[PDB]
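Quick notes on the structure that follows.
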Amino acid sequence: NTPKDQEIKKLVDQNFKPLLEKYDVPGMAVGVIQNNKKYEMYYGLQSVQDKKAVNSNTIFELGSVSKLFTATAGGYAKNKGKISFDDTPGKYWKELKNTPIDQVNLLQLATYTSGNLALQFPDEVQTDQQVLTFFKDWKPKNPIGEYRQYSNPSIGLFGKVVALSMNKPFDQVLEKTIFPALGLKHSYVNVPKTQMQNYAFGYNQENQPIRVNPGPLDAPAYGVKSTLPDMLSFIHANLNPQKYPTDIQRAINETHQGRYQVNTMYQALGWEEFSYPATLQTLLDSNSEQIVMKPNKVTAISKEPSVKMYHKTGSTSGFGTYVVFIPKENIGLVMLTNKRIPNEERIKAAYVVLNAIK
Ligand SMILES: *[B@]([O])([C]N1[C]=C(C2=[C]C(C([N])=O)=[C][C]=[C]2)N=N1)OP([O])([O])=O
């Protein structure tokens with residue numbers, strides 16, 4: 001009676017479109033993939049001052065969704081035998097050998113359980129020497145492996161170690177190896193001069209234009225930029241790993257493996273994992289201030305569900321991201337905004353749309 005493309009458009013209009021007015025968001029891209037059919041919805045402006053409309057070429061900052069590519073790079077290196085998750089960083093970054101940080105394994109760095117790493121490096125840490133000094137001077141606090149504290153330095157160090165293991169800088173690992181293996185054409189650590197015209201401005205809480213600041217180990221933690229079509233291709237790879245070459249197939253499957261529990265949230269590699277079907281409140285609880293900002297004692301997985309779903313939020317000063325996929329239903333959703341909106345609104349909108357689709 002109404003074509004599938006129009007039904008998805010109507011659901012996204014009902015649930016995502018009102019957030020633009022509510023939070024004064026200049027631009028938004030919402031993608032759905034179902035049964036290998038991609039649906040792209042674009043709203044508003046990539047640049048207010050240049051009057052440039054959001055389109056399929058628009059490049060957004062992914063923020064912490066960048067961690068999913070770092071995790072994928074880690075999975076790739078492990079399954080090629082370049083690293084083991086039981087290894088310590090000193091094995092690859094020789095200047096960390098026999099330092100206290102060398103008592104933390106790569107899996108613990110990737111999944112934020114060092115027991116003494118905060119969300120950000122200190123502001124003063126900028127250069128490679130300052131990053132090295134920081135990790136050399138690092139001392140434990142909580143028992144290693146027992147406490148989850150969401151941390152850019154933690155997965156940043158994991159990223160740097162993965163890069164050393166593949167004998168390339170981290171930016172080249174993604175741009176030359178991982179992005180091409182996933183078939184991504186417009187995904188960047190460094191947006192080249194020829195694509196700056198497609199790079200959206202972010203907008204802060206006063207709707208002033210801004211972009212991400214350079215930082216220590218930024219690329220592996222929050223430094224990736226992508227388009228809606230690329231992020232839908234990335235969700236396709238996660239929904240259909242069997243259709244990709246062996247190396248990247250095993251990489252993707254590695255990122256789906258739950259490592260521990262924090263109540264109903266299973267920490268996989270980058271991805272957060274949930275028993276499917278999941279309640280809205282289970283997905284909302286995953287990004288509570290308690291889980292995101294504070295240390296939490298982890299428990300061993302005591303119930304492994306047969307059927308799972310996965311999501312990840314991402315924010316920079318000027319951009320919001322949300323990606324979610326459900327293997328059982330062969331469906332996923334990407335939301336990109338050039339203004340931060342509350343995580344709860346991203347998760348709720350996606351939940352209603354993915355549960356409403358026939
Ligand atoms: B990640 O996005 C955690 N997160 C937020 C940021 C960040 C970085 C900047 C910047 N200009 O460097 C500004 C604001 C925020 N880095 N890492 O995960 P979630 O939990 O979705 O915030």
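Every chain in the structure tokens takes a letter, A first, then B, and so on in the order presented; its residues are numbered from 1, and the ligands are numbered from 1 following the presented order.
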Could you give me, as a ChimeraX atom specification, every polymer residue with an atom at most 7 Å away from an atom of ligand 1, counting only C-alpha atoms and all ligand atoms? /A:63-65,152,211-215,221-222,287,292,313-317
Those same residues, written as a PDB file, in the first residue's frame with N, CA and C atoms?
```
ATOM      1  N   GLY A  63      33.286  10.671  17.041  1.00  0.00           N
ATOM      2  CA  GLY A  63      33.681  10.626  18.458  1.00  0.00           C
ATOM      3  C   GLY A  63      34.010   9.200  18.873  1.00  0.00           C
ATOM      4  N   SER A  64      33.472   8.745  20.006  1.00  0.00           N
ATOM      5  CA  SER A  64      33.787   7.429  20.616  1.00  0.00           C
ATOM      6  C   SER A  64      33.351   6.258  19.724  1.00  0.00           C
ATOM      7  N   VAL A  65      32.531   6.475  18.694  1.00  0.00           N
ATOM      8  CA  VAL A  65      32.231   5.394  17.707  1.00  0.00           C
ATOM      9  C   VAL A  65      33.527   5.030  16.965  1.00  0.00           C
ATOM     10  N   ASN A 152      39.664   7.003  27.346  1.00  0.00           N
ATOM     11  CA  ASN A 152      40.335   7.289  26.046  1.00  0.00           C
ATOM     12  C   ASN A 152      41.793   6.852  26.095  1.00  0.00           C
ATOM     13  N   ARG A 211      35.108  22.313  15.454  1.00  0.00           N
ATOM     14  CA  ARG A 211      35.556  20.960  15.053  1.00  0.00           C
ATOM     15  C   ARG A 211      36.422  20.400  16.189  1.00  0.00           C
ATOM     16  N   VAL A 212      36.705  19.108  16.146  1.00  0.00           N
ATOM     17  CA  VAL A 212      37.466  18.398  17.211  1.00  0.00           C
ATOM     18  C   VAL A 212      38.871  19.004  17.287  1.00  0.00           C
ATOM     19  N   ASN A 213      39.390  19.166  18.498  1.00  0.00           N
ATOM     20  CA  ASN A 213      40.791  19.589  18.758  1.00  0.00           C
ATOM     21  C   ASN A 213      41.720  18.383  18.654  1.00  0.00           C
ATOM     22  N   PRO A 214      42.942  18.550  18.105  1.00  0.00           N
ATOM     23  CA  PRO A 214      43.945  17.491  18.154  1.00  0.00           C
ATOM     24  C   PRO A 214      44.199  17.137  19.627  1.00  0.00           C
ATOM     25  N   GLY A 215      44.511  15.876  19.905  1.00  0.00           N
ATOM     26  CA  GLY A 215      44.869  15.436  21.262  1.00  0.00           C
ATOM     27  C   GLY A 215      45.757  14.201  21.264  1.00  0.00           C
ATOM     28  N   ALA A 221      40.812   6.784  19.858  1.00  0.00           N
ATOM     29  CA  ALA A 221      39.820   7.031  20.929  1.00  0.00           C
ATOM     30  C   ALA A 221      38.582   7.749  20.386  1.00  0.00           C
ATOM     31  N   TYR A 222      38.743   8.766  19.534  1.00  0.00           N
ATOM     32  CA  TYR A 222      37.600   9.610  19.089  1.00  0.00           C
ATOM     33  C   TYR A 222      37.876  10.355  17.774  1.00  0.00           C
ATOM     34  N   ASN A 287      24.326   3.780  29.321  1.00  0.00           N
ATOM     35  CA  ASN A 287      24.966   5.117  29.146  1.00  0.00           C
ATOM     36  C   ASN A 287      24.529   6.073  30.265  1.00  0.00           C
ATOM     37  N   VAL A 292      29.213   5.430  32.656  1.00  0.00           N
ATOM     38  CA  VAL A 292      30.103   6.176  31.714  1.00  0.00           C
ATOM     39  C   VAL A 292      31.230   6.878  32.482  1.00  0.00           C
ATOM     40  N   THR A 313      27.411   4.756  21.525  1.00  0.00           N
ATOM     41  CA  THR A 313      27.251   6.221  21.410  1.00  0.00           C
ATOM     42  C   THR A 313      28.624   6.829  21.133  1.00  0.00           C
ATOM     43  N   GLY A 314      28.624   8.027  20.576  1.00  0.00           N
ATOM     44  CA  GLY A 314      29.849   8.810  20.332  1.00  0.00           C
ATOM     45  C   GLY A 314      29.524  10.276  20.381  1.00  0.00           C
ATOM     46  N   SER A 315      30.400  11.060  21.001  1.00  0.00           N
ATOM     47  CA  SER A 315      30.271  12.534  21.070  1.00  0.00           C
ATOM     48  C   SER A 315      31.652  13.177  20.924  1.00  0.00           C
ATOM     49  N   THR A 316      31.716  14.278  20.175  1.00  0.00           N
ATOM     50  CA  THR A 316      32.766  15.323  20.276  1.00  0.00           C
ATOM     51  C   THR A 316      32.072  16.589  20.780  1.00  0.00           C
ATOM     52  N   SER A 317      32.790  17.703  20.896  1.00  0.00           N
ATOM     53  CA  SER A 317      32.199  18.978  21.383  1.00  0.00           C
ATOM     54  C   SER A 317      31.012  19.359  20.486  1.00  0.00           C
TER      55      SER A 317
END
```
Need the shell around region 183-186 of chain A: protein/DNA/RNA residues with any atom at most 12 Å away, counting only C-alpha atoms. Skip same-chain ones fewer than 4 positions apart. Format as a PyMOL selection string? chain A and resi 56-60+69+174-179+190-192+194-196+198-199+224-237+243-245+248
Atoms kept (N, CA, C and O atoms) for selection, written as a compact mmCIF listing (two decimals), in the first residue's frame:
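Saved result, again30.txt, follows:
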```
# COMPACT_ATOMS: atom_id res chain seq x y z
N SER A 56 24.65 12.80 1.28
CA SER A 56 25.38 11.51 1.32
C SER A 56 26.90 11.74 1.35
O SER A 56 27.59 10.80 1.74
N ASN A 57 27.39 12.92 0.95
CA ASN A 57 28.84 13.26 0.96
C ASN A 57 29.25 13.90 2.30
O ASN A 57 30.46 14.07 2.51
N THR A 58 28.30 14.24 3.17
CA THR A 58 28.61 15.00 4.41
C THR A 58 29.45 14.14 5.35
O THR A 58 29.01 13.02 5.66
N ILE A 59 30.59 14.68 5.79
CA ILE A 59 31.51 14.00 6.74
C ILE A 59 31.22 14.53 8.15
O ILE A 59 31.29 15.78 8.36
N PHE A 60 30.92 13.60 9.07
CA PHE A 60 30.65 13.88 10.50
C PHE A 60 31.78 13.30 11.35
O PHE A 60 32.37 12.27 10.96
N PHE A 69 36.34 1.04 15.31
CA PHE A 69 37.37 0.82 14.26
C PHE A 69 38.67 0.37 14.91
O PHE A 69 39.35 -0.52 14.35
N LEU A 174 44.14 2.23 9.79
CA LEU A 174 42.72 2.42 9.38
C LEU A 174 42.64 2.80 7.90
O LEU A 174 41.89 2.13 7.16
N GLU A 175 43.40 3.81 7.45
CA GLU A 175 43.20 4.41 6.10
C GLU A 175 43.69 3.45 5.01
O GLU A 175 43.06 3.42 3.94
N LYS A 176 44.75 2.67 5.25
CA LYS A 176 45.36 1.79 4.22
C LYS A 176 44.88 0.34 4.34
O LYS A 176 44.83 -0.32 3.29
N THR A 177 44.55 -0.15 5.54
CA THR A 177 44.23 -1.59 5.77
C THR A 177 42.75 -1.78 6.14
O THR A 177 42.06 -2.50 5.41
N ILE A 178 42.29 -1.19 7.25
CA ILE A 178 40.96 -1.54 7.86
C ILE A 178 39.81 -0.94 7.04
O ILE A 178 38.87 -1.70 6.75
N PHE A 179 39.85 0.35 6.70
CA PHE A 179 38.75 1.02 5.95
C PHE A 179 38.58 0.34 4.59
O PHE A 179 37.45 -0.01 4.22
N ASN A 190 42.39 11.58 9.09
CA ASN A 190 42.78 12.93 8.61
C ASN A 190 41.98 13.24 7.34
O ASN A 190 42.23 12.58 6.31
N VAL A 191 41.03 14.17 7.41
CA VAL A 191 40.21 14.57 6.24
C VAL A 191 41.14 15.33 5.31
O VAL A 191 41.73 16.34 5.71
N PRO A 192 41.34 14.87 4.05
CA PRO A 192 42.25 15.54 3.13
C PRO A 192 41.66 16.86 2.61
O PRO A 192 40.45 17.04 2.68
N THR A 194 41.00 18.02 -0.20
CA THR A 194 40.00 17.83 -1.29
C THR A 194 38.62 17.45 -0.73
O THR A 194 37.67 17.47 -1.51
N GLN A 195 38.50 17.12 0.56
CA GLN A 195 37.21 16.70 1.18
C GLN A 195 36.76 17.69 2.26
O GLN A 195 35.65 17.49 2.81
N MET A 196 37.54 18.74 2.55
CA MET A 196 37.20 19.73 3.61
C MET A 196 35.86 20.40 3.29
O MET A 196 35.14 20.74 4.23
N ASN A 198 33.27 18.93 2.29
CA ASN A 198 32.22 17.97 2.72
C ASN A 198 32.22 17.79 4.25
O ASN A 198 31.29 17.15 4.76
N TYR A 199 33.24 18.31 4.94
CA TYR A 199 33.40 18.18 6.41
C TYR A 199 32.45 19.20 7.06
O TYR A 199 32.67 20.44 6.95
N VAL A 224 37.91 9.52 14.32
CA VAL A 224 37.46 9.05 12.97
C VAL A 224 36.30 9.93 12.50
O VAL A 224 35.45 10.31 13.33
N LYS A 225 36.29 10.26 11.21
CA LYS A 225 35.20 10.99 10.54
C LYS A 225 34.70 10.14 9.38
O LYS A 225 35.52 9.46 8.73
N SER A 226 33.39 10.14 9.14
CA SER A 226 32.74 9.27 8.13
C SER A 226 31.44 9.90 7.63
O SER A 226 30.99 10.91 8.20
N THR A 227 30.88 9.32 6.58
CA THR A 227 29.61 9.71 5.93
C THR A 227 28.56 8.67 6.33
O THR A 227 28.96 7.59 6.82
N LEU A 228 27.28 8.97 6.11
CA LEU A 228 26.19 8.01 6.42
C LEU A 228 26.33 6.74 5.58
O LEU A 228 26.15 5.65 6.12
N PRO A 229 26.60 6.81 4.26
CA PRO A 229 26.75 5.60 3.45
C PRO A 229 27.87 4.68 3.95
O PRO A 229 27.69 3.47 3.93
N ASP A 230 29.00 5.26 4.37
CA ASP A 230 30.14 4.48 4.91
C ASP A 230 29.72 3.79 6.21
O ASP A 230 30.02 2.61 6.38
N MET A 231 29.03 4.51 7.09
CA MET A 231 28.63 3.95 8.40
C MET A 231 27.59 2.85 8.19
O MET A 231 27.62 1.88 8.95
N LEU A 232 26.75 2.95 7.15
CA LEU A 232 25.77 1.87 6.79
C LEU A 232 26.52 0.66 6.24
O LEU A 232 26.12 -0.48 6.56
N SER A 233 27.59 0.88 5.46
CA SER A 233 28.48 -0.20 4.97
C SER A 233 29.15 -0.88 6.18
O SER A 233 29.24 -2.12 6.19
N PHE A 234 29.58 -0.10 7.17
CA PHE A 234 30.21 -0.63 8.41
C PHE A 234 29.21 -1.50 9.16
O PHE A 234 29.58 -2.60 9.61
N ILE A 235 27.96 -1.05 9.29
CA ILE A 235 26.88 -1.84 9.95
C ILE A 235 26.61 -3.10 9.12
O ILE A 235 26.41 -4.16 9.72
N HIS A 236 26.63 -3.00 7.79
CA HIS A 236 26.44 -4.17 6.88
C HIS A 236 27.50 -5.24 7.20
O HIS A 236 27.11 -6.41 7.36
N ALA A 237 28.78 -4.84 7.29
CA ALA A 237 29.91 -5.73 7.61
C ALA A 237 29.67 -6.44 8.95
O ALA A 237 29.90 -7.67 9.03
N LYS A 243 30.42 -12.58 4.57
CA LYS A 243 30.51 -12.12 3.15
C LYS A 243 31.85 -11.42 2.89
O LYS A 243 32.11 -11.07 1.73
N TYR A 244 32.69 -11.23 3.91
CA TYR A 244 33.98 -10.50 3.81
C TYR A 244 35.13 -11.50 3.83
O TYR A 244 34.97 -12.63 4.28
N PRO A 245 36.33 -11.13 3.34
CA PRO A 245 37.50 -12.01 3.40
C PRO A 245 37.81 -12.44 4.84
O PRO A 245 37.51 -11.68 5.76
N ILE A 248 39.30 -10.02 7.85
CA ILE A 248 38.41 -8.94 8.38
C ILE A 248 37.14 -9.57 8.97
O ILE A 248 36.60 -9.03 9.95
```
Can you pull out the residues contacting residue 149 (chain A)? Cut-off 7 Å, using only C-alpha atoms, and skip same-chain residues under 4 positions away; I want them as a ChimeraX atom specification. /A:112-113,117-118,294-296
Within 10 Å of region 29-39 of chain A: each region 275-325 of chain A residue with its shortest pair, only C-alpha atoms, as a tab-separated table:
```
residue	atom	partner	partner_atom	distance
A:321	CA	A:29	CA	9.7
A:322	CA	A:30	CA	9.6
A:323	CA	A:31	CA	9.5
A:324	CA	A:32	CA	9.8
A:325	CA	A:33	CA	9.0
```
Could you write out that same residue set with N, CA and C atoms as a PDB file, in the first residue's frame?
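File produced: out-v7.pdb:
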```pdb
ATOM      1  N   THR A 321      26.794  10.870  17.739  1.00  0.00           N
ATOM      2  CA  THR A 321      26.715   9.629  16.928  1.00  0.00           C
ATOM      3  C   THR A 321      26.006   8.547  17.746  1.00  0.00           C
ATOM      4  N   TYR A 322      25.270   7.682  17.062  1.00  0.00           N
ATOM      5  CA  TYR A 322      24.704   6.443  17.640  1.00  0.00           C
ATOM      6  C   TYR A 322      24.602   5.400  16.525  1.00  0.00           C
ATOM      7  N   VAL A 323      25.140   4.212  16.790  1.00  0.00           N
ATOM      8  CA  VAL A 323      25.072   3.039  15.877  1.00  0.00           C
ATOM      9  C   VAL A 323      24.539   1.858  16.697  1.00  0.00           C
ATOM     10  N   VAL A 324      23.636   1.088  16.104  1.00  0.00           N
ATOM     11  CA  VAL A 324      22.986  -0.087  16.753  1.00  0.00           C
ATOM     12  C   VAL A 324      22.709  -1.122  15.661  1.00  0.00           C
ATOM     13  N   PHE A 325      22.911  -2.404  15.953  1.00  0.00           N
ATOM     14  CA  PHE A 325      22.526  -3.484  15.012  1.00  0.00           C
ATOM     15  C   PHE A 325      22.064  -4.714  15.794  1.00  0.00           C
TER      16      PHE A 325
END
```
Do a neighbour search on residue 134 (chain A) at 12 Å with only C-alpha atoms, toss out local chain neighbours closer than 5 positions, and write the hits as a PyMOL selection string. chain A and resi 95-96+99-101+117+121-129+139+153-154+157+216
Mind checking which residues fall within 8 Å of residue 272 (chain A), counting only C-alpha atoms, ignoring those fewer than 2 positions away in the same chain, and posting them as a ChimeraX atom specification? /A:265-270,274,286,310-312
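Atom pair CA of residue 309 (chain A) / CA of residue 280 (chain A): separated by 12.2 Å.
With only C-alpha atoms as the atoms that count, the minimum distance from residue 307 (chain A) to the choices A:319, A:15, A:256, A:261 is reached by A:256.
Between CA of residue 61 (chain A) and CA of residue 27 (chain A) there is a distance of 12.6 Å.
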In region 56-216 of chain A, DSSP alpha helix (DSSP H) residues written as an NGL selection string: :A and (66-79 or 106-110 or 128-136 or 152-165 or 170-172 or 179-181)
From region 184-238 of chain A, collect each residue whose DSSP state is strand (DSSP E) and return the set as a PyMOL selection string. chain A and resi 202-203+209-210+225-226
Residues as selected, N, CA and C atoms, written as a PDB file, in the first residue's frame, can you do that?
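So again.pdb came out as:
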```
ATOM      1  N   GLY A 202      30.737  21.071  13.380  1.00  0.00           N
ATOM      2  CA  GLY A 202      30.027  20.803  14.637  1.00  0.00           C
ATOM      3  C   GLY A 202      29.519  22.111  15.213  1.00  0.00           C
ATOM      4  N   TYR A 203      28.506  22.044  16.066  1.00  0.00           N
ATOM      5  CA  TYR A 203      27.914  23.210  16.759  1.00  0.00           C
ATOM      6  C   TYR A 203      27.847  22.866  18.245  1.00  0.00           C
ATOM      7  N   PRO A 209      29.982  27.312  15.605  1.00  0.00           N
ATOM      8  CA  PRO A 209      30.681  26.300  14.819  1.00  0.00           C
ATOM      9  C   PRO A 209      32.031  25.947  15.449  1.00  0.00           C
ATOM     10  N   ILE A 210      32.326  24.647  15.510  1.00  0.00           N
ATOM     11  CA  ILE A 210      33.565  24.081  16.105  1.00  0.00           C
ATOM     12  C   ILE A 210      33.849  22.738  15.428  1.00  0.00           C
ATOM     13  N   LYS A 225      36.289  10.256  11.211  1.00  0.00           N
ATOM     14  CA  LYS A 225      35.199  10.993  10.537  1.00  0.00           C
ATOM     15  C   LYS A 225      34.697  10.135   9.377  1.00  0.00           C
ATOM     16  N   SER A 226      33.385  10.137   9.142  1.00  0.00           N
ATOM     17  CA  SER A 226      32.739   9.272   8.128  1.00  0.00           C
ATOM     18  C   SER A 226      31.435   9.903   7.632  1.00  0.00           C
TER      19      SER A 226
END
```
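Closest approach to residue 283 (chain A) among A:111, A:348, A:252, A:335: A:348, based on only C-alpha atoms.
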